[PDB]
């Protein structure tokens, strides 16, 4: 399936490369930010560029120092991550590296382009299969050593509360 290929490329072309170096980048920034990469997986494939627009209680703090690596003819290809503070009744309840799983934008876009041959009704099913495949990959991956957490959800809602339930172990 397309969700199967998306989960494998997201692991091979991104997670496999940043998850080994992540704790070192977090330690560097901490000179406190939590140790895992928190990945938001909205099953509706709704991926806004601004997290604060999804929930005002999710607030951008700072960028994590960039990771660079020569890859496939690209000198110093850059991998960037953002740090967010999570508010709960006016209080900073958590601080973590947080982002949406970008392949869900591909599912959203493919469901909209007629040439992609993917119906708008198939988004939910493909997102669920992307989630399951990625969980199966990370469960058995050596690069994932208590440093990655997938947060999958369907709105019937507090996004910051869903993140916080995961942050609080």
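Under this definition, the rigid core comprises the largest set of C-alpha atoms superposing within 1.5 Å between the forms. Positions refer to the first chain, counted from 1.
For 121-129 versus 98-106, the mean Cα distance to the shown form in 8 other deposited structures of this protein after rigid core alignment is larger for 121-129.
Taking 55-63 and 138-146 in turn, the stretch whose Cα atoms are more displaced from the shown form in 8 other deposited structures of this protein following rigid core superposition is 138-146.
The modelled chain breaks between residue 156 and residue 157, where 4 to 9 residues of the deposited sequence lack coordinates.
The entry shows a gap from residue 31 to residue 32, with 4 to 9 unmodelled residues of the deposited sequence in between. For the pair 119-127 and 138-146, the mean Cα B-factor is higher in 138-146. Averaged over CA atoms, B-factors in the entry run higher in 59-67 than in the other of 59-67 and 104-112. Looking at the C-alpha B-factors along this chain, the one for residue 37 belongs to the middle third. Ranked by C-alpha B-factor against the other modelled residues of its chain, residue 47 falls in the middle third. When the CA B factors of the chain's modelled residues are split into thirds, the value for residue 24 lands in the highest one. The entry lists a Cα temperature factor for residue 167 that places it in the highest third of the chain's modelled residues.
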